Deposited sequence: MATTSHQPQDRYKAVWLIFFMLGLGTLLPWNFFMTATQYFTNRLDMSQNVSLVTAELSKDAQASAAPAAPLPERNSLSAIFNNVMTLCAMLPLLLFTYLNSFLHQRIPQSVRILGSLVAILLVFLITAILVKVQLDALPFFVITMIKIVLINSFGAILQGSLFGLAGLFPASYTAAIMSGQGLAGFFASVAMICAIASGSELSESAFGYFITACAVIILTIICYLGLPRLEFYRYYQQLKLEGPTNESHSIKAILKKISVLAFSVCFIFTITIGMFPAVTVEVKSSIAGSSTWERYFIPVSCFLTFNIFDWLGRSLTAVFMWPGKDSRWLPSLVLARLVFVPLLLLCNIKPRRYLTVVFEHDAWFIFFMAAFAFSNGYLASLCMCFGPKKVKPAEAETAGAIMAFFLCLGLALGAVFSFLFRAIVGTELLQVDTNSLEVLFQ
(Lines of atoms letter the chains of each structure in order from A and count residues from 1; the text may use other names and numbers.)
(Lines give C-alpha, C1' and ligand atoms only; values in the text may rest on other atoms or scores of the structure.)
Protein backbone atom coordinates (compact mmCIF):
# COMPACT_ATOMS: atom_id res chain seq x y z
CA UNK A 1 0.00 0.00 0.00
CA UNK A 2 2.80 2.44 -0.90
CA UNK A 3 2.53 4.31 -4.23
CA UNK A 4 6.24 4.69 -4.97
CA UNK A 5 7.01 8.03 -6.64
CA UNK A 6 3.22 8.57 -6.70
CA UNK A 7 3.37 6.85 -10.08
CA UNK A 8 -0.18 5.45 -10.05
CA UNK A 9 -1.54 8.79 -8.82
CA UNK A 10 0.25 10.62 -11.63
CA UNK A 11 -1.09 8.13 -14.19
CA UNK A 12 -4.62 8.68 -12.90
CA UNK A 13 -4.02 12.42 -13.19
CA UNK A 14 -2.92 11.94 -16.80
CA UNK A 15 -5.96 9.76 -17.46
CA UNK A 16 -8.19 12.59 -16.27
CA UNK A 17 -6.34 15.06 -18.46
CA UNK A 18 -6.60 12.67 -21.41
CA UNK A 19 -10.34 12.19 -20.97
CA UNK A 20 -11.34 15.85 -21.29
CA UNK A 21 -8.51 17.76 -22.98
CA UNK A 22 -9.51 16.57 -26.50
CA UNK A 23 -13.22 17.24 -26.06
CA UNK A 24 -12.43 20.54 -24.35
CA UNK A 25 -10.25 21.50 -27.31
CA UNK A 26 -13.07 20.48 -29.66
CA UNK A 27 -15.46 22.81 -27.81
CA UNK A 28 -12.99 25.71 -27.96
CA UNK A 29 -12.90 25.32 -31.76
CA UNK A 30 -16.60 26.17 -32.12
CA UNK A 31 -15.60 29.48 -33.73
CA UNK A 32 -13.78 27.47 -36.41
CA UNK A 33 -16.78 25.22 -37.07
CA UNK A 34 -19.30 28.07 -37.30
CA UNK A 35 -16.99 30.38 -39.24
CA UNK A 36 -16.20 27.55 -41.67
CA UNK A 37 -19.94 27.03 -42.16
CA UNK A 38 -20.41 30.75 -42.83
CA UNK A 39 -17.66 30.93 -45.46
CA UNK A 40 -19.16 27.83 -47.16
CA UNK A 41 -22.95 28.26 -47.23
CA UNK A 42 -23.91 30.39 -50.24
CA UNK A 43 -32.05 28.68 -40.11
CA UNK A 44 -28.42 28.58 -41.25
CA UNK A 45 -26.05 25.78 -40.27
CA UNK A 46 -23.82 28.03 -38.14
CA UNK A 47 -26.88 29.39 -36.32
CA UNK A 48 -27.74 25.82 -35.23
CA UNK A 49 -24.27 24.29 -34.81
CA UNK A 50 -24.12 24.96 -31.07
CA UNK A 51 -27.54 23.51 -30.27
CA UNK A 52 -27.15 20.46 -32.52
CA UNK A 53 -23.70 19.80 -31.05
CA UNK A 54 -25.20 20.00 -27.55
CA UNK A 55 -27.70 17.33 -28.58
CA UNK A 56 -25.19 15.15 -30.45
CA UNK A 57 -22.98 15.32 -27.35
CA UNK A 58 -25.32 15.04 -24.37
CA UNK A 59 -27.59 12.29 -25.69
CA UNK A 60 -24.79 9.79 -26.52
CA UNK A 61 -22.88 10.73 -23.37
CA UNK A 62 -25.90 10.05 -21.17
CA UNK A 63 -26.99 6.86 -22.94
CA UNK A 64 -23.58 5.18 -22.82
CA UNK A 65 -22.74 6.14 -19.23
CA UNK A 66 -26.10 4.58 -18.38
CA UNK A 67 -25.42 1.41 -20.38
CA UNK A 68 -21.87 1.25 -18.99
CA UNK A 69 -23.24 1.55 -15.46
CA UNK A 70 -25.01 -1.81 -15.87
CA UNK A 71 -22.83 -3.47 -18.55
CA UNK A 72 -19.23 -2.63 -17.57
CA UNK A 73 -18.79 -6.00 -15.86
CA UNK A 74 -19.22 -7.74 -19.24
CA UNK A 75 -16.23 -6.09 -20.97
CA UNK A 76 -12.67 -6.00 -19.54
CA UNK A 77 -11.63 -2.58 -18.30
CA UNK A 78 -8.51 -2.58 -20.49
CA UNK A 79 -10.72 -3.06 -23.54
CA UNK A 80 -13.19 -0.36 -22.49
CA UNK A 81 -10.43 2.16 -21.70
CA UNK A 82 -7.91 1.45 -24.46
CA UNK A 83 -10.54 0.89 -27.15
CA UNK A 84 -12.30 4.14 -26.27
CA UNK A 85 -8.95 5.96 -26.39
CA UNK A 86 -7.98 4.50 -29.77
CA UNK A 87 -11.42 5.31 -31.20
CA UNK A 88 -11.27 8.91 -29.97
CA UNK A 89 -7.71 9.23 -31.29
CA UNK A 90 -8.88 8.08 -34.72
CA UNK A 91 -11.81 10.51 -34.65
CA UNK A 92 -9.70 13.52 -33.69
CA UNK A 93 -7.15 12.59 -36.35
CA UNK A 94 -9.94 12.73 -38.94
CA UNK A 95 -11.13 16.02 -37.44
CA UNK A 96 -7.63 17.38 -38.06
CA UNK A 97 -7.57 16.08 -41.65
CA UNK A 98 -10.91 17.68 -42.54
CA UNK A 99 -9.41 21.06 -41.60
CA UNK A 100 -7.18 20.76 -44.68
CA UNK A 101 -9.65 19.32 -47.24
CA UNK A 102 -12.34 21.22 -49.14
CA UNK A 103 -15.89 20.17 -48.26
CA UNK A 104 -19.30 21.77 -48.67
CA UNK A 105 -21.17 23.16 -45.68
CA UNK A 106 -23.81 20.48 -45.17
CA UNK A 107 -21.45 17.45 -45.48
CA UNK A 108 -19.01 19.18 -43.12
CA UNK A 109 -21.84 19.82 -40.66
CA UNK A 110 -23.12 16.24 -40.83
CA UNK A 111 -19.69 14.63 -40.58
CA UNK A 112 -18.69 16.86 -37.67
CA UNK A 113 -21.89 15.91 -35.83
CA UNK A 114 -21.22 12.21 -36.45
CA UNK A 115 -17.73 12.62 -34.98
CA UNK A 116 -19.23 14.47 -32.01
CA UNK A 117 -21.57 11.54 -31.34
CA UNK A 118 -18.63 9.13 -31.41
CA UNK A 119 -16.39 11.30 -29.20
CA UNK A 120 -19.10 11.44 -26.54
CA UNK A 121 -20.15 7.79 -26.91
CA UNK A 122 -16.63 6.45 -26.45
CA UNK A 123 -16.00 9.26 -23.99
CA UNK A 124 -18.92 8.01 -21.90
CA UNK A 125 -17.41 4.52 -21.84
CA UNK A 126 -13.93 5.86 -21.05
CA UNK A 127 -15.14 8.24 -18.32
CA UNK A 128 -17.45 5.68 -16.73
CA UNK A 129 -14.73 3.04 -16.74
CA UNK A 130 -12.13 5.37 -15.20
CA UNK A 131 -14.34 6.41 -12.28
CA UNK A 132 -15.29 2.77 -11.77
CA UNK A 133 -11.63 1.77 -11.68
CA UNK A 134 -10.74 4.64 -9.34
CA UNK A 135 -13.53 3.40 -7.06
CA UNK A 136 -11.23 0.57 -5.96
CA UNK A 137 -8.44 2.92 -4.85
CA UNK A 138 -8.42 5.50 -2.05
CA UNK A 139 -10.41 8.68 -2.54
CA UNK A 140 -7.28 10.65 -3.45
CA UNK A 141 -7.09 8.70 -6.71
CA UNK A 142 -10.55 9.80 -7.82
CA UNK A 143 -9.38 13.33 -7.01
CA UNK A 144 -6.42 12.72 -9.32
CA UNK A 145 -8.83 12.12 -12.21
CA UNK A 146 -10.92 15.17 -11.32
CA UNK A 147 -7.77 17.27 -10.96
CA UNK A 148 -6.43 16.12 -14.32
CA UNK A 149 -9.76 17.06 -15.88
CA UNK A 150 -9.52 20.48 -14.27
CA UNK A 151 -6.09 20.90 -15.85
CA UNK A 152 -7.65 19.99 -19.20
CA UNK A 153 -10.00 22.94 -18.83
CA UNK A 154 -7.18 25.27 -17.84
CA UNK A 155 -5.14 24.26 -20.89
CA UNK A 156 -8.21 24.79 -23.07
CA UNK A 157 -8.46 28.35 -21.74
CA UNK A 158 -4.76 29.05 -22.32
CA UNK A 159 -5.12 27.66 -25.85
CA UNK A 160 -8.15 29.84 -26.59
CA UNK A 161 -6.46 33.02 -25.35
CA UNK A 162 -3.19 32.28 -27.16
CA UNK A 163 -5.13 31.56 -30.36
CA UNK A 164 -6.87 34.94 -30.31
CA UNK A 165 -3.61 36.74 -29.48
CA UNK A 166 -1.67 34.88 -32.19
CA UNK A 167 -3.66 36.36 -35.07
CA UNK A 168 -3.67 33.00 -36.84
CA UNK A 169 -6.60 31.81 -38.92
CA UNK A 170 -9.19 29.96 -36.86
CA UNK A 171 -8.54 26.90 -39.04
CA UNK A 172 -4.83 26.65 -38.21
CA UNK A 173 -5.43 27.25 -34.50
CA UNK A 174 -8.01 24.45 -34.67
CA UNK A 175 -5.58 22.21 -36.53
CA UNK A 176 -3.14 22.81 -33.68
CA UNK A 177 -5.85 21.99 -31.14
CA UNK A 178 -6.67 18.67 -32.80
CA UNK A 179 -3.05 17.60 -33.33
CA UNK A 180 -2.30 18.42 -29.69
CA UNK A 181 -5.27 16.31 -28.56
CA UNK A 182 -3.98 13.43 -30.68
CA UNK A 183 -0.58 13.68 -28.97
CA UNK A 184 -2.23 13.85 -25.54
CA UNK A 185 -4.36 10.79 -26.30
CA UNK A 186 -1.24 8.85 -27.28
CA UNK A 187 0.52 9.90 -24.07
CA UNK A 188 -2.55 8.87 -22.05
CA UNK A 189 -2.47 5.42 -23.67
CA UNK A 190 1.23 4.98 -22.87
CA UNK A 191 0.69 6.00 -19.24
CA UNK A 192 -2.27 3.65 -18.85
CA UNK A 193 -0.19 0.78 -20.24
CA UNK A 194 2.35 1.35 -17.46
CA UNK A 195 -0.03 0.52 -14.62
CA UNK A 196 0.02 -3.31 -14.51
CA UNK A 197 3.73 -3.42 -13.58
CA UNK A 198 3.18 -1.14 -10.56
CA UNK A 199 2.64 -2.92 -7.25
CA UNK A 200 0.33 -0.23 -5.83
CA UNK A 201 -1.97 -0.66 -8.83
CA UNK A 202 -2.18 -4.44 -8.56
CA UNK A 203 -2.83 -4.19 -4.81
CA UNK A 204 -6.16 -2.41 -5.27
CA UNK A 205 -6.99 -3.81 -8.71
CA UNK A 206 -6.75 -7.41 -7.46
CA UNK A 207 -9.88 -6.58 -5.40
CA UNK A 208 -11.83 -7.72 -8.47
CA UNK A 209 -11.36 -11.39 -7.54
CA UNK A 210 -27.92 -5.35 -7.29
CA UNK A 211 -27.67 -1.93 -8.93
CA UNK A 212 -30.76 -0.73 -7.04
CA UNK A 213 -29.15 -1.37 -3.65
CA UNK A 214 -25.90 0.30 -4.72
CA UNK A 215 -27.84 3.36 -5.90
CA UNK A 216 -29.67 3.58 -2.57
CA UNK A 217 -26.31 3.70 -0.79
CA UNK A 218 -24.84 6.50 -2.94
CA UNK A 219 -28.08 8.36 -3.72
CA UNK A 220 -27.13 11.46 -1.71
CA UNK A 221 -23.83 11.96 -3.53
CA UNK A 222 -25.28 10.88 -6.89
CA UNK A 223 -28.11 13.43 -6.78
CA UNK A 224 -25.73 16.02 -5.35
CA UNK A 225 -23.27 15.74 -8.24
CA UNK A 226 -26.20 15.74 -10.66
CA UNK A 227 -27.44 18.98 -9.10
CA UNK A 228 -23.92 20.45 -9.20
CA UNK A 229 -23.63 20.16 -12.97
CA UNK A 230 -27.29 20.98 -13.58
CA UNK A 231 -26.60 24.41 -12.08
CA UNK A 232 -23.18 24.79 -13.68
CA UNK A 233 -24.14 23.89 -17.24
CA UNK A 234 -27.42 25.76 -16.85
CA UNK A 235 -25.42 28.97 -16.37
CA UNK A 236 -22.08 28.19 -18.06
CA UNK A 237 -21.17 28.80 -20.86
CA UNK A 238 -24.32 29.69 -22.84
CA UNK A 239 -25.55 32.29 -20.33
CA UNK A 240 -22.26 33.61 -18.92
CA UNK A 241 -20.65 34.28 -22.32
CA UNK A 242 -23.24 37.03 -22.89
CA UNK A 243 -21.85 39.22 -20.10
CA UNK A 244 -20.14 42.40 -21.31
CA UNK A 245 -17.54 44.58 -19.62
CA UNK A 246 -18.60 47.87 -18.07
CA UNK A 247 -15.12 49.25 -17.25
CA UNK A 248 -13.29 48.50 -20.50
CA UNK A 249 -10.96 51.27 -21.56
CA UNK A 250 -10.06 49.90 -24.98
CA UNK A 251 -11.75 48.09 -27.85
CA UNK A 252 -9.11 45.37 -27.37
CA UNK A 253 -11.04 44.13 -24.31
CA UNK A 254 -13.99 42.99 -26.44
CA UNK A 255 -12.44 39.88 -27.95
CA UNK A 256 -10.71 39.03 -24.65
CA UNK A 257 -13.26 39.83 -21.94
CA UNK A 258 -15.14 36.52 -22.16
CA UNK A 259 -12.18 34.13 -22.71
CA UNK A 260 -10.43 35.76 -19.73
CA UNK A 261 -13.09 36.90 -17.25
CA UNK A 262 -15.41 33.94 -17.91
CA UNK A 263 -13.58 30.91 -19.35
CA UNK A 264 -10.16 31.38 -17.73
CA UNK A 265 -11.65 32.34 -14.36
CA UNK A 266 -13.87 29.26 -14.49
CA UNK A 267 -11.19 26.77 -15.52
CA UNK A 268 -8.58 28.16 -13.11
CA UNK A 269 -10.80 28.01 -10.02
CA UNK A 270 -12.59 24.81 -11.06
CA UNK A 271 -9.22 23.12 -11.56
CA UNK A 272 -7.99 24.38 -8.19
CA UNK A 273 -11.16 23.21 -6.46
CA UNK A 274 -10.78 19.71 -7.89
CA UNK A 275 -7.07 19.75 -7.01
CA UNK A 276 -7.64 20.68 -3.36
CA UNK A 277 -9.67 17.51 -2.84
CA UNK A 278 -6.58 15.32 -3.26
CA UNK A 279 -5.28 16.87 -0.02
CA UNK A 280 -8.29 18.46 1.77
CA UNK A 281 -11.72 16.80 1.73
CA UNK A 282 -13.86 18.69 4.24
CA UNK A 283 -16.76 18.20 5.04
CA UNK A 284 -16.30 14.40 4.84
CA UNK A 285 -18.09 11.46 3.26
CA UNK A 286 -20.77 11.32 5.99
CA UNK A 287 -21.44 15.03 6.54
CA UNK A 288 -24.79 16.55 5.57
CA UNK A 289 -22.93 19.79 4.75
CA UNK A 290 -21.94 18.49 1.31
CA UNK A 291 -25.52 18.26 -0.06
CA UNK A 292 -26.32 21.54 1.70
CA UNK A 293 -23.57 23.47 -0.09
CA UNK A 294 -24.53 21.81 -3.38
CA UNK A 295 -28.03 23.19 -2.80
CA UNK A 296 -26.80 26.64 -1.75
CA UNK A 297 -25.14 27.01 -5.17
CA UNK A 298 -28.63 27.76 -6.52
CA UNK A 299 -27.82 31.34 -5.50
CA UNK A 300 -25.54 31.71 -8.52
CA UNK A 301 -28.49 31.51 -10.94
CA UNK A 302 -29.91 34.92 -9.88
CA UNK A 303 -26.42 36.29 -9.16
CA UNK A 304 -24.97 35.60 -12.62
CA UNK A 305 -28.24 36.33 -14.46
CA UNK A 306 -28.17 39.83 -12.93
CA UNK A 307 -24.60 40.54 -14.05
CA UNK A 308 -23.93 42.88 -16.98
CA UNK A 309 -25.57 40.80 -19.69
CA UNK A 310 -25.85 42.81 -22.93
CA UNK A 311 -28.05 42.95 -24.91
CA UNK A 312 -30.72 42.42 -22.22
CA UNK A 313 -34.47 42.99 -22.64
CA UNK A 314 -36.30 41.73 -19.54
CA UNK A 315 -33.99 41.85 -16.44
CA UNK A 316 -31.96 44.70 -14.85
CA UNK A 317 -28.18 44.71 -14.26
CA UNK A 318 -27.79 44.57 -10.48
CA UNK A 319 -24.03 43.79 -10.67
CA UNK A 320 -22.48 45.89 -13.42
CA UNK A 321 -18.79 46.08 -12.43
CA UNK A 322 -16.66 43.29 -13.92
CA UNK A 323 -15.33 42.50 -10.45
CA UNK A 324 -18.77 41.18 -9.46
CA UNK A 325 -18.79 38.86 -12.48
CA UNK A 326 -15.23 37.63 -11.94
CA UNK A 327 -15.87 37.10 -8.23
CA UNK A 328 -19.08 35.15 -8.89
CA UNK A 329 -17.43 33.10 -11.65
CA UNK A 330 -14.55 32.17 -9.33
CA UNK A 331 -16.85 31.07 -6.50
CA UNK A 332 -19.28 29.47 -8.97
CA UNK A 333 -16.35 27.53 -10.47
CA UNK A 334 -14.53 26.67 -7.24
CA UNK A 335 -17.63 25.26 -5.55
CA UNK A 336 -18.37 23.25 -8.69
CA UNK A 337 -14.95 21.61 -8.89
CA UNK A 338 -14.43 21.16 -5.16
CA UNK A 339 -17.87 19.75 -4.37
CA UNK A 340 -18.03 17.69 -7.57
CA UNK A 341 -14.69 16.05 -6.78
CA UNK A 342 -15.88 15.30 -3.25
CA UNK A 343 -19.04 13.63 -4.56
CA UNK A 344 -17.11 11.51 -7.06
CA UNK A 345 -14.50 10.55 -4.46
CA UNK A 346 -16.94 9.63 -1.69
CA UNK A 347 -19.66 7.96 -3.77
CA UNK A 348 -17.71 4.73 -4.31
CA UNK A 349 -16.69 4.67 -0.62
CA UNK A 350 -20.31 4.49 0.60
CA UNK A 351 -20.38 0.85 -0.58
CA UNK A 352 -18.40 -2.36 -0.17
CA UNK A 353 -15.28 -2.91 -2.32
CA UNK A 354 -16.87 -5.57 -4.55
CA UNK A 355 -19.42 -2.89 -5.53
CA UNK A 356 -17.20 0.21 -5.62
CA UNK A 357 -16.59 -0.21 -9.36
CA UNK A 358 -20.31 -0.19 -10.16
CA UNK A 359 -20.82 2.73 -7.77
CA UNK A 360 -18.21 4.75 -9.65
CA UNK A 361 -19.86 3.93 -12.98
CA UNK A 362 -23.23 5.09 -11.62
CA UNK A 363 -21.66 8.29 -10.27
CA UNK A 364 -20.36 8.95 -13.79
CA UNK A 365 -23.88 8.62 -15.22
CA UNK A 366 -25.34 11.04 -12.67
CA UNK A 367 -22.54 13.50 -13.40
CA UNK A 368 -23.44 13.27 -17.09
CA UNK A 369 -27.13 13.48 -16.20
CA UNK A 370 -26.39 16.78 -14.48
CA UNK A 371 -24.69 17.98 -17.65
CA UNK A 372 -27.65 16.95 -19.80
CA UNK A 373 -30.19 18.58 -17.47
CA UNK A 374 -28.10 21.75 -17.44
CA UNK A 375 -28.10 21.83 -21.23
CA UNK A 376 -31.89 21.44 -21.29
CA UNK A 377 -32.66 24.20 -18.79
CA UNK A 378 -30.40 26.79 -20.44
CA UNK A 379 -32.03 25.94 -23.77
CA UNK A 380 -35.57 26.12 -22.37
CA UNK A 381 -34.69 29.49 -20.83
CA UNK A 382 -33.31 30.85 -24.11
CA UNK A 383 -36.18 29.30 -26.09
CA UNK A 384 -38.78 31.15 -24.01
CA UNK A 385 -36.95 34.49 -23.88
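Stretches with no C-alpha atoms in the model, relative to the deposited sequence starting at 1: No C-alpha for residues 1-7, 50-74, 242-249, 426-442.
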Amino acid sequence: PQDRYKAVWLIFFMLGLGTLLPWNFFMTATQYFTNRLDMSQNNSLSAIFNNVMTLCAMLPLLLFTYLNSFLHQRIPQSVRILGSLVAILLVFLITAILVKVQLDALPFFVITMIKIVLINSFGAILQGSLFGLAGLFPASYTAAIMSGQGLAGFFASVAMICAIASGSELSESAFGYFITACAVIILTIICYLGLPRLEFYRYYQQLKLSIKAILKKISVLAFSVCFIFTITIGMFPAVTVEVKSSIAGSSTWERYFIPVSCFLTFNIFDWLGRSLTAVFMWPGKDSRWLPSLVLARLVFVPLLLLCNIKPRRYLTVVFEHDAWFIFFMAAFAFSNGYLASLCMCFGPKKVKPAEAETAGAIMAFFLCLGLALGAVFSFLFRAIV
From here on, numbers count along this sequence of modelled residues.
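Of 148-156 and 275-283, the stretch whose C-alpha atoms average the higher B-factor in the entry: Averaged over C-alpha atoms, the B-factors run higher in 275-283.
Residue stretch of maximal mean CA temperature factor, 127-135 vs 308-316: Higher of the two, by average CA B-factor, is 308-316.
From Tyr192, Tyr256, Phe122, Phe269, residue of greatest CA B-factor: Going by the entry's C-alpha B-factors, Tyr256 comes out highest.
Residue with maximal Cα B-factor (values as given in the PDB entry) among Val301, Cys226, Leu71, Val117: Spelled out: the listed residue with the top C-alpha B-factor is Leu71.
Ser292 by Cα B-factor - lowest, middle or highest third of the modelled chain: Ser292: CA B-factor falls in the lowest third of its chain.
Modelled-residue ranking by C-alpha temperature factor, third containing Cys182: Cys182: CA B-factor falls in the middle third of its chain.
Relative C-alpha B-factor of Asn51, binned into the chain's lowest, middle or highest third: Lowest third of the chain for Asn51's C-alpha B-factor.
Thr65, C-alpha B-factor rank within chain (lowest, middle or highest third): Its C-alpha B-factor belongs to the highest third of this chain's values.
Chain thirds of CA B-factor: placement of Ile211: Top third by C-alpha B-factor.
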